[PDB]
Amino acid sequence: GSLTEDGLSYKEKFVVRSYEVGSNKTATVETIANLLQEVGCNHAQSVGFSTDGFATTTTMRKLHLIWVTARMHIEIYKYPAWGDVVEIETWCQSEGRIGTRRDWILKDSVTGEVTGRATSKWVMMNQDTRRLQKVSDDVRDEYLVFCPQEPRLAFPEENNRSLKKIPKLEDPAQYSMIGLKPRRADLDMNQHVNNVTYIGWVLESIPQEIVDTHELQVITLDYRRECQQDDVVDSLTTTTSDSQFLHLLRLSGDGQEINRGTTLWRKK
Amino acid sequence: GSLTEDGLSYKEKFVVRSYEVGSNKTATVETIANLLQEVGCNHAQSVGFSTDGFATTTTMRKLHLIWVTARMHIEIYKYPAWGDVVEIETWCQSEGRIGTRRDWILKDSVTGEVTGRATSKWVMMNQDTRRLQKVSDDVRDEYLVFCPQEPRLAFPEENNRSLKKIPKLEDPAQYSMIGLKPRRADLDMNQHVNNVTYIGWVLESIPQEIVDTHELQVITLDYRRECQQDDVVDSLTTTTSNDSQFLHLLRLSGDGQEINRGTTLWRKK
Ligand SMILES: FC(F)(F)c1ccnc(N2CCNCC2)n1
Ligand SMILES: FC(F)(F)c1ccnc(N2CCNCC2)n1
């Protein structure tokens with residue numbers, strides 16, 4: 001992997017592994033999400049971010065601040081097959097004092113065609129109190145050194161899916177998967193549940209017949225609260241329709257919302 | 001006219017006037033460009049900018065700075081007819097240290113449909129030395145108070161026309177209109193040549209047959225240097241192409257110094 005000539009974006013090639021593919025011998029959406037996170041980490045390291053798992057700036061470390069994902073949106077046109085090489089380009093953009101964005105474009109290395117795109121919204125959080133906050137002047141200045149200053153968006157279209165408001169699923173849910181618990185493989189190097197695990201948990205309540213007869217085209221996931229190592233989650237799903245679903249992850253005990261999202265599926 | 005509910009954009013309605021229309025009884029592209037400038041001025045006044053003809057901030061007046069247009073890009077799907085009401089929404093965005101952008105959406109007031117869109121790039125300049133510069137931290141902070149912080153673009157599409165690099169027309173030009181001079185009606189309240197005058201001058205070298213048989217769809221104009229009140233301009237045009245496309249160059253009649261370059265795309269009626 002490497003920064004591009006202008007130093008404002010990063011590219012990396014990945015060979016899809018045997019254990020990374022589903023029943024149709026193509027990468028799962030979780031494999032895709034792990035690759036987006038990996039190229040994001042490799043970009044942060046190349047532009048001088050911390051190497052402790054938190055990917056923080058100098059000012060963020062002095063103020064005890066960390067980034068937390070607020071939203072992940074992924075659209076796949078073609079999932080790469082086992083053994084195929086997929087190239088991913090990523091870049092960041094500052095969004096005033098609201099937070100920052102990380103965008104990605106996925107290409108077939110052989111054909112050069114775009115096979116997918118993704119966007120993520122990140123918000124500042126004080127690491128100790130867990131309280132959200134605005135992005136300060138000093139942090140906005142650090143982002144100007146490695147981000148394009150003119151807008152560059154993976155999802156440019158006006159009123160596109162990536163910015164849609166997601167409603168809250170009302171009981172009773174059409175489908176559910178109860179008692180989901182993370183194991184050590186679900187934790188990152190800082191013992192927090194990895195963001196990709198929540199995508200897997202959302203997908204657990206989709207009926208196996210849908211997965212067998214449809215391809216996942218779009219997934220939009222909001223993040224509200226974290227699942228701890230000893231927490232238990234229930235994954236709920238209702239058809240809103242292509243097939244479209246509304247999703248909700250909540251703690252098994254008190255029913256506290258951890259995530260909400262939507263998925264759009266195309267018949268194979 | 002008024003700021004919208006969130007206070008991050010501005011809207012205004014205009015009734016197209018008799019002297020504002022061309023041969024097909026619809027607004028000229030110069031009428032459209034004047035309306036964009038007017039709604040831009042009304043937005044700046046509503047968010048606390050100076051009222052002297054230079055749309056300046058408190059920090060800009062302190063540092064003797066002004067904005068200058070670097071590029072204007074306009075795309076029209078339907079020109080409003082004489083007597084029609086056109087609604088225009090405008091907003092600004094900060095582009096880091098490079099400069100700022102002002103975007104516009106034009107709608108038919110009756111149907112609610114988008115009839116056109118425009119975007120403009122602005123660069124900081126010291127008013128005394130005329131030297132270009134980067135946008136300072138204090139100016140970027142002033143723009144955050146009245147601009148949307150998430151990107152809002154009139155031209156979102158990937159490699160869209162509004163960002164295309166424009167080449168320099170090589171002599172000899174296919175067409176030309178020589179000896180163009182501005183009169184007092186071409187000057188703004190600060191005695192500088194109005195930006196819309198340059199659009200008119202570019203269009204002067206398009207043959208009348210093209211204007212009679214085609215409608216202008218897209219115009220992209222780069223601004224490099226200003227024409228003074230006593231300067232004389234030559235307008236040059238060469239066809240580069242059902243659509244007709246042209247390359248344009250405005251230069252001073254004497255020494256041939258470039259003042260503007262641009263392109264136009266026309267569709268057969
Ligand atoms: F994205 C987000 F909404 F900002 C988000 C994601 C994940 N956690 C949070 N928290 C939990 C701790 N205290 C309130 C904020 N918030
Ligand atoms: F857009 C632009 F290129 F920045 C521009 C437009 C108009 N004038 C100028 N300059 C800068 C150099 N000194 C003379 C005035 N520059």
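Counting starts at 1 for both ligands and their atoms, following the listed order. Every chain is numbered from 1 and lettered A, B, ... according to where its sequence line falls, protein lines coming before strand lines. These numbers come from the heavy atoms of this one structure, side chains and all, not from hydrogens, waters or symmetry mates.
Every atom of ligand 2 with a heavy atom of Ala70(B) under 4.0 Å away is listed here by number and element: 1 (F).
Atom 8 (N) of ligand 2 has as its closest protein heavy atom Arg224(B) O, 3.6 Å. Nearest protein heavy-atom contact of atom 2 (C) of ligand 2 is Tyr223(B) O, 3.6 Å. Remark: minimum distance from atom 7 (C) of ligand 1 to any protein heavy atom is reached at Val68(A) CG1, 3.4 Å.
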Worksheet item: Stepwise, does the salt bridge (charged side-chain N to carboxylate O under 4.0 Å, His left out) test hold for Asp141(B) with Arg140(A)?
Response: CA-CA 11 Å; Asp141(B) 288 351; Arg140(A) 285 200 261 110; 3.7 Å; yes
Discussion item. Working note: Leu65(B) + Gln133(B), criterion side-chain contact (heavy atoms from CB on, under 4.5 Å); need CA distance, chi angles, decisive distance, verdict.
Written reply: CA-CA 9 Å; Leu65(B) 309 175; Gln133(B) 69 183 65; 3.5 Å; yes
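Of all the heavy atoms of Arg131(B), none lies under 4.0 Å from any atom of ligand 2, so neither backbone nor side chain is involved. The part of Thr69(B) lying near ligand 2 is the backbone, judged by heavy-atom distances below 4.0 Å.
Side-chain atoms of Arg161(B) and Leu265(B), non-hydrogen and from C-beta on, do get closer than 4.5 Å to each other. Using a 4.5 Å cut-off on side-chain heavy atoms (C-beta onward), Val135(A) and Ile98(A) make no contact.
The closest donor-acceptor contact from the side chain of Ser120(B) to the backbone of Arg102(B) lies under 3.5 Å.
At least one heavy atom of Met125(A) sits under 4.0 Å from some atom of ligand 1.
Checked against a 3.5 angstrom limit, the closest N/O atoms of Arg130(B) and ligand 2 fall inside it.
Of the candidates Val123(A), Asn126(A), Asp222(A), it is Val123(A) that places a heavy atom closest to atom 4 (F) of ligand 1.
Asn42(B) and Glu38(B) share a side-chain donor-acceptor pair at under 3.5 Å.
In this structure, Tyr143(B) has its ring center closer than 6.0 angstrom to the ring center of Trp67(B).
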